[PDB]
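Novice:
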Amino acid sequence: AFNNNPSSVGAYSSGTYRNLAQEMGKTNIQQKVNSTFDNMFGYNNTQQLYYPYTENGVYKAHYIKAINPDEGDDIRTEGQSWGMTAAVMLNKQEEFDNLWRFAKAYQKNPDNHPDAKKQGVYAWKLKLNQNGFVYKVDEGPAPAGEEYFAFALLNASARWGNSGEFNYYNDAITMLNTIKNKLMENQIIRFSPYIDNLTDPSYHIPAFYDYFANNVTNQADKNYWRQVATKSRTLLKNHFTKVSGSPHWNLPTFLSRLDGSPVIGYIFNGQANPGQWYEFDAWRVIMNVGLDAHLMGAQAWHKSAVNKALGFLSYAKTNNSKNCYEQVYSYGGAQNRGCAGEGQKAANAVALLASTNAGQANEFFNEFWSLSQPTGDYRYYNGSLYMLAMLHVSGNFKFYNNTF
Numbered sequence: 001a002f003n004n005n006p007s008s009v010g011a012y013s014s015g016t017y018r019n020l021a022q023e024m025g026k027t028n029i030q031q032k033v034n035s036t037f038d039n040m041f042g043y044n045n046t047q048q049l050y051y052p053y054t055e056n057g058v059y060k061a062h063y064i065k066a067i068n069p070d071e072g073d074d075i076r077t078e079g080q081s082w083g084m085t086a087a088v089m090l091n092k093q094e095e096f097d098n099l100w101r102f103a104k105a106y107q108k109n110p111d112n113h114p115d116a117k118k119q120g121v122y123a124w125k126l127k128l129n130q131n132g133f134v135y136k137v138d139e140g141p142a143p144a145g146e147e148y149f150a151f152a153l154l155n156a157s158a159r160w161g162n163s164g165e166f167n168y169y170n171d172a173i174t175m176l177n178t179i180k181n182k183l184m185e186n187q188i189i190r191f192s193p194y195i196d197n198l199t200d201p202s203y204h205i206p207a208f209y210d211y212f213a214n215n216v217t218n219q220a221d222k223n224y225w226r227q228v229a230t231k232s233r234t235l236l237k238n239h240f241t242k243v244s245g246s247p248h249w250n251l252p253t254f255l256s257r258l259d260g261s262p263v264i265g266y267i268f269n270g271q272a273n274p275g276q277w278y279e280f281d282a283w284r285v286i287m288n289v290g291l292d293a294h295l296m297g298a299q300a301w302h303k304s305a306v307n308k309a310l311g312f313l314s315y316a317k318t319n320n321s322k323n324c325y326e327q328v329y330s331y332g333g334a335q336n337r338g339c340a341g342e343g344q345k346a347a348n349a350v351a352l353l354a355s356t357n358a359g360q361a362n363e364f365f366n367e368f369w370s371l372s373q374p375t376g377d378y379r380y381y382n383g384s385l386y387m388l389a390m391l392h393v394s395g396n397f398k399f400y401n402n403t404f
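Quick note: the sequence shown uses the authors' numbering, first residue 1, plus one each step.
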């Protein structure tokens, strides 16, 4: 029985986590969740994304391989912090520290970096030189990584304690301070440290902030993060209000102004796509809403947000000869980028945690649950979200609080 009226109390306060998959009637879920991790983390160059990093043949750490069939493989912070996240969620501590060692060592920018805006942040692109070593391809942050880096670490601490190799809890504070100091603007997460009145809706994870707050001890910082959470929901609320119907047709967008306006067209050099596109990043907004609705409780905006989004994708599936919804949508029109992949389907599966239309829910869930785990060239992004979505639909994405 899908629970078509999600609690306005969150899983976080109540300690009651939903098991979407279970509700949807499914079976052997934990197996899937586990096999999912196991494959993603097993040496098989198939679903695998977890790769060991050796230097002169002395093992160092592990990293998540952002597998690139076009531009050629690189190493991004996002997928790394995701790795750490899944690890801690599945009590895989061996793997966790492997990835965190890598991150702390190779992704991190020295705090004596000439550029202050780059200091202690995490280089978003790293690559493997033909010689065999890691180096920074791009020294600018992907603030979402640091976001999850912090979240992953707070949990790691709470789960395993900080007497091991890594003092997760301190590592976590540093990160949190970094985000405050290098990745914010009026408490709204930057799309970059260099542009202003700019955010990426897909970075907002209101519940994470609330969580951060409960895991910082001093009364000043509790407020900071509680504020950031308030503003973040507000942001998504507004953003979602703004995308309602014409001209946007209820799909969130790549970039946003802090008021929640979709950034129309190009506004800076390098910008892959126009800001008003529902694309690879925007894929995650309703996924984040679900997560939020689940953990922090479902308000109406949540419900409307996921529903209408999902609705359009549903409605669009009929508007198509190839009988699917597409990867990119501008002003409600198909940008012809092929049919939705596993990661996009995975995203929408989580979104159902705020959904209320049970019919819809079955449409979207059975579509994700039927997929086989991402393999091949485009498997980095899809597999990463597949893994996250696996924890989400299985009652395995939990907030683990530290006690003081």
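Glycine included, each C-beta is placed from N, C-alpha and C at the ideal position.
Can you say whether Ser355 is buried or exposed, counting buried as having 16 or more other CB atoms within 10 angstroms of its CB?
Specialist: Against the sequence shown, residue 355 aligns to sequence position 355. The residue in question, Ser355, is buried, as its Cβ has 16 or more Cβ neighbours within 10 Å.
Novice: Report yes or no: do the segment 79-87 and the segment 381-389 share at least 3 C-beta pairs separated by less than 8 Å?
Specialist: Judged by Cβ distances under 8 Å, the segment 79-87 makes contact with the segment 381-389, as three or more pairs qualify.
Novice: Assuming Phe254 and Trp277 form a contact by the criterion Cβ under 8 Å, report the distance between their Cβ atoms to the nearest whole angstrom.
Specialist: Locating residue 254 in the sequence shown gives position 254, counting from the first residue. Locating residue 277 in the sequence shown gives position 277, counting from the first residue. At roughly 5 Å, the Cβ-Cβ gap stays under 8 Å, so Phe254 and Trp277 are in contact.
Novice: With distances taken from CA atoms, which of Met89, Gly57, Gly275 is nearest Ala158?
Specialist: Here the question's residue 158 lines up with position 158 in the sequence shown. Closest option to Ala158, Cα to Cα, is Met89.
Novice: According to DSSP, is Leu90 part of a helix, a strand, or is it coil?
Specialist: Residue 90 sits at position 90 when you count from the first residue of the sequence shown. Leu90 falls in the coil class under three-state DSSP.
Novice: Please classify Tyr135 as buried or exposed, where buried requires at least 16 other C-beta atoms within 10 Å of its C-beta.
Specialist: As a position in the sequence shown, residue 135 is number 135, starting the count at 1. Flag for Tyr135 reads exposed.
Novice: In three-state terms, what does DSSP make of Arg76?
Specialist: Counting from one through the sequence shown, the residue named residue 76 turns up at place 76. Looking at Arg76 - three-state DSSP - the assignment turns out to be strand.
Novice: Taking 8 Å as the cut-off, does the segment 282-298 touch the segment 386-398 (at least 3 CB pairs, one atom from each stretch)?
Specialist: The segment 386-398, when compared against the segment 282-298, does touch it at the 8 Å Cβ threshold.
Novice: Smallest Cα separation from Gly79: which of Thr318, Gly145, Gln107?
Specialist: Taking the first residue of the sequence shown as position 1, residue 79 is located at position 79. Of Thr318, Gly145, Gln107, the residue nearest in Cα terms is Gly145.
Novice: Please name the residue in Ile195, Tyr53, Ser232 whose C-alpha comes closest to that of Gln271.
Specialist: Residue 271 sits at position 271 when you count from the first residue of the sequence shown. Ranking the options by Cα distance to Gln271, first place goes to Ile195.
Novice: From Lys26 to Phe364, what distance separates their C-alpha atoms?
Specialist: In the sequence shown, the residue the question calls residue 26 occupies position 26. In the sequence shown, the residue the question calls residue 364 occupies position 364. Taking the straight line joining both Cα atoms gives about 14 Å.
Novice: Rounding to the nearest angstrom, what Cα-Cα distance links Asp171 and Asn319 in this structure?
Specialist: As a first step, residue 171 must be located in the sequence shown, where it is residue number 171. As a first step, residue 319 must be located in the sequence shown, where it is residue number 319. Cα to Cα, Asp171 sits roughly 49 Å from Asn319.
Novice: Which partner residues of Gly333 appear in the DSSP bridge assignment?
Specialist: On the sequence shown, residue 333 is found 333 positions in, with the first residue counted as 1. The partner list for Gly333 (beta bridge, DSSP) reads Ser330.
Novice: For the segment 307-327 against the segment 229-239, do three or more pairs of beta-carbon atoms, one drawn from each stretch, fall closer than 8 Å, so that the two count as touching?
Specialist: No, they do not touch.
Novice: Run the CB neighbour count on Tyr266, radius 10 Å, all protein chains shown included, and call it buried at 16 or more, exposed below.
Specialist: Working through the sequence shown from its first residue, we reach residue 266 at position 266. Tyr266 is exposed by the Cβ-count criterion.
Novice: Would you mind giving the Cβ-Cβ distance between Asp138 and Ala123, rounded to the nearest angstrom? I have them listed as a contact below 8 Å.
Specialist: Start at 1 with the first residue of the sequence shown, and residue 138 comes out as number 138. Start at 1 with the first residue of the sequence shown, and residue 123 comes out as number 123. Sure, about 6 Å apart at Cβ, within 8 Å.
Novice: Mind listing, in chain order, the continuous beta strand (DSSP E) runs of no fewer than 3 residues lying wholly within the segment 25-64?
Specialist: For the segment 25-64, whole beta strand (DSSP E) runs of length 3 or above, ordered along the chain, are 50-55, 58-64.
Novice: Can you say whether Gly260 is buried or exposed, counting buried as having 16 or more other CB atoms within 10 angstroms of its CB?
Specialist: Residue 260 sits at position 260 when you count from the first residue of the sequence shown. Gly260 is buried by the Cβ-count criterion.
Novice: Which value, in whole angstroms, describes the spacing of the CA atoms of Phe208 and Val121?
Specialist: Within the sequence shown, numbered from 1, the residue matching residue 208 stands at position 208. Within the sequence shown, numbered from 1, the residue matching residue 121 stands at position 121. Distance between the alpha carbons of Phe208 and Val121 is about 19 Å.
Novice: Could you work out which residue in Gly297, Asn362, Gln373, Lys345 is closest to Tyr17 when comparing CA atoms only?
Specialist: Here residue 17 refers to the residue found at position 17 when the sequence shown is read from its first residue. Of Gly297, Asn362, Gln373, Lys345, the residue nearest in Cα terms is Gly297.
Novice: By the 10 Å Cβ neighbour count, where 16 or more other Cβ atoms means buried, how is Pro274 classified, buried or exposed?
Specialist: The residue labelled residue 274 in the question sits at position 274 within the sequence shown. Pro274 is buried by the Cβ-count criterion.
Novice: Bridge partners for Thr199 per DSSP, in chain order?
Specialist: Taking the sequence shown and counting its residues from 1, the one referred to as residue 199 is at position 199. BP columns for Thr199 point to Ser256.
Novice: In the DSSP output, which residue or residues are listed as bridge partners for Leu235?
Specialist: Translated into the one-based positions of the sequence shown, residue 235 becomes position 235. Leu235 is not bridged to any residue.
Novice: Measuring CB atoms only, is the segment 100-115 touching the segment 37-51, in the sense that at least three cross pairs come out at less than 8 Å?
Specialist: Cβ pair count under 8 Å is below three, so no.
Novice: From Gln47 to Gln373, what does the alpha carbon distance come to, in whole angstroms?
Specialist: Here the question's residue 47 lines up with position 47 in the sequence shown. Here the question's residue 373 lines up with position 373 in the sequence shown. In a straight line, the C-alpha of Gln47 is about 7 Å away from that of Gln373.
Novice: Just to confirm, are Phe151 and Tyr63 a CB contact at a threshold of 9 Å?
Specialist: Walking along the sequence shown from the start, residue 151 turns up at place 151. Walking along the sequence shown from the start, residue 63 turns up at place 63. Cβ distance not < 9 Å, so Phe151 and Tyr63 don't count as in contact.
Novice: Would you call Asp70 buried or exposed, if buried means 16 or more other Cβ atoms sit within 10 Å of its Cβ?
Specialist: As a first step, residue 70 must be located in the sequence shown, where it is residue number 70. Classification for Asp70: exposed.
Novice: With DSSP as the reference, identify every bridge partner of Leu126, one or two as the case may be.
Specialist: To locate residue 126, count along the sequence shown from 1; it is residue 126. The partner list for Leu126 (beta bridge, DSSP) reads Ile75, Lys136.
Novice: Alpha helix (DSSP H) containing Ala347: first to last residue?
Specialist: Translated into positions along the sequence shown, residue 347 becomes position 347. Looking at the DSSP string, the run of the alpha helix (DSSP H) that includes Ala347 is 342-351.
Novice: Taking its Cβ as the centre, do 16 or more other Cβ atoms sit within 10 Å of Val58, making it buried, or is it exposed?
Specialist: By 1-based counting over the sequence shown, the position of residue 58 is 58. By the 10 Å Cβ count, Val58 comes out exposed.
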